[PDB]
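Below are the chains, spelled out letter by letter.
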Amino acid sequence: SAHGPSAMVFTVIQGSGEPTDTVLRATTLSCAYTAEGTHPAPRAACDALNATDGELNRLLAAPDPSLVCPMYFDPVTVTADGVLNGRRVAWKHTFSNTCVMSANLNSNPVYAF
Amino acid sequence: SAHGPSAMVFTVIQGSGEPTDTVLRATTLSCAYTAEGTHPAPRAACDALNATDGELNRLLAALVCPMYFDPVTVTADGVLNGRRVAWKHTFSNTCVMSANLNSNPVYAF
Amino acid sequence: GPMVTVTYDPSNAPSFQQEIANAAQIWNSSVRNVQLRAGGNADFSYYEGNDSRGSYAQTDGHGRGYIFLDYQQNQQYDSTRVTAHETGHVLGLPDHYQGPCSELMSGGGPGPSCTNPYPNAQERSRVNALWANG
Amino acid sequence: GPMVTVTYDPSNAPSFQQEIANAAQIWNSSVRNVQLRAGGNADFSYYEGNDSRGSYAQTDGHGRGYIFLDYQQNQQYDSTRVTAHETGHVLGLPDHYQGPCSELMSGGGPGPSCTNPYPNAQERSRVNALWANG
Ligand SMILES: [Zn+2]
Ligand SMILES: [Zn+2]
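If you look chain C up in the PDB entry, it shows as Extracellular small neutral protease from Streptomyces caespitosus. UniProt lists a comment for chain C under the heading Sequence similarities, and it reads "Belongs to the peptidase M7 family."

Per the PDB entry, chain B is named Neutral proteinase inhibitor ScNPI, and its organism is Streptomyces caespitosus. According to the UniProt record, the Subcellular location (unreviewed entry) comment for chain B reads "Secreted". Per UniProt, chain B carries the Subunit (unreviewed entry) text "Homodimer."

Below you can see the structure in the form of structure tokens.
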């Protein structure tokens, strides 16, 4: 329920999230009096980030219940690092494959980059 | 070495860099065809970041500082030349931090 | 009468004495369940200086914490809207960046041209709900 | 003639066929120790799409890797300067963001008004030097 300014880096990585793994996409986001960063939709992204109430696992609280995904393995990892509500944070989540990622995140504005 | 785009978050934290520690300052930086971010001097920042050649410890290049204990940390997280990185360094005090960094444009925020 | 009176310390923000008073006047005349009062052993405080991040608030959302007002930002954006907006966070309101100028909690979202310092109907209702039982 | 002929694949960038061709002509007429081949089983490739980061290059700096050209950025910045600039990274040149428009490797640093796609004599010579024995 704590409120503070945020300055974050979000990334999507091809694989388990190993050091040599390819960074498919990344973007920056800053929320204070203004919503800015390299994020294509900062206003929407900052609002979506604040909805988690500090728990970034809540970026996965609303999955696509109808999207039927294959049960194969082609791992994809999402990350979030920086300042979240005035406190330094580090979070990552690896999905079985890209479908599983699409379905779980369900077009959350934070990862809409 | 290897060249790629960079997207970083830099911070200065009161203390050792623990989860409950107060963030004194933070900024974002992005280097690709354009140097941008919330950094007050992105062009200078991006060139200073690329000078390290992947090793962020190269940001530390050493007047006389008093010996008082009041720790402070500098952190860097994100994408550096297309690879995900996480770095931090703890100084005994702010004077020692300024002495080691010696106005490196990366922490000029 | 208010269910709660929240004390604020404006002494550490001498350059924003007027906008801090303006914010308290705007909120006191907008909500009934909570009132703001200037004082010493304050629940929350106002600070000023320079931060590359601009103005912000570090709060629990229930009267405790602090508000930092940046010099450069308050020269580009309306100081009273900035101060009233940040005071809204200490009263428990979140940001709604996608909101219009009529929404005080949209902050800097609608841009620097936006000068409205007053909370809308929904905002006034939300703060009354939050301070209803103290 | 040149020491090395580097093959590029422009097939995954159909919207930038003209600017890819211009970049190769700019570099082939600017350096003598290295030359760029129209296509085949290429050393490096061109891609296009949408990236919040804009256009960039992921390369070892010695002819291998790839260049990504962003749609929105190439509408705001000169497409030929963007393409020639990034081709410079595959040729082993770094960025010099603080540099002027006369410096091709300053990229987007001097702003969108900058349209110069040609590397200055210092850039041209470093490239000739990096491919002399390499
Ligand atoms: Zn706010
Ligand atoms: Zn470049």
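A.B. asks: How do you make sense of the interface of chain C and chain A when you look at a structure like this?
C.D. replies: On the side of chain A, 18 residues touch chain C, which itself brings 23 residues to the contact. Here chain C and chain A share an interface that buries about 1,700 Å² over both sides, 51% of which is from carbon and sulfur atoms. Here chain C and chain A share 0 salt bridges between them. For the interface between chain C and chain A, the tally reads 11 residue pairs in polar contact. If you list the elements that add at least two residues to the side of chain C that touches chain A, you get β4 (56-59) and α3 (79-90) of chain C.

A.B. asks: Whenever I open this one, the UniProt feature "binding site: Ca(2+)" in chain C confuses me. Can you help?
C.D. replies: Residues and elements named next belong to chain C. Those places that UniProt annotates as "binding site: Ca(2+)" correspond, in this numbering, to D78 and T80. By the secondary structure assignment, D78 is in the loop between α2 (73-76) and α3. Other than its neighbours up to four places away in sequence, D78 contacts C114 and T115. The topology assignment puts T80 in helix α3.

A.B. asks: What exactly am I supposed to notice about helix α4 (residues 121-130) of chain C here?
C.D. replies: Residues that lie three or four places apart on an α-helix share one face, since the helix turns once every 3.6 residues. All names here are of chain C. Considered for burial, the residues of α4 that qualify are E123, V127 and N128. In an axial view of α4, the angular spread of the buried residues amounts to 135 degrees, which keeps them on one side of the axis. Packed against the buried residues of α4 are α1 (17-28) and β2 (34-38).

Criteria and thresholds
Residues numbered from 1 in each chain as written, not as in the entry; some residues may be left out. Chains lettered and ligands numbered in written order. Heavy atoms only, no water. UniProt positions renumbered as here; feature names shortened; annotations may be inferred. Contact = heavy atoms within 4.5 Å. Buried area = accessible area lost by both parts, 1.4 Å probe. Salt bridge = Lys/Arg side-chain N within 4 Å of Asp/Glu carboxyl O. Polar contact = N/O pair within 3.5 Å; in protein donor to acceptor, adjacent residues only side chain to side chain. Helix = DSSP H or I, 4+ residues; strand = E, 2+ residues; numbered from the N terminus. Buried < 20%, exposed > 50% of the residue type's maximum accessible area, 1.4 Å probe, protein only. Arc of directions from axis to C-beta.

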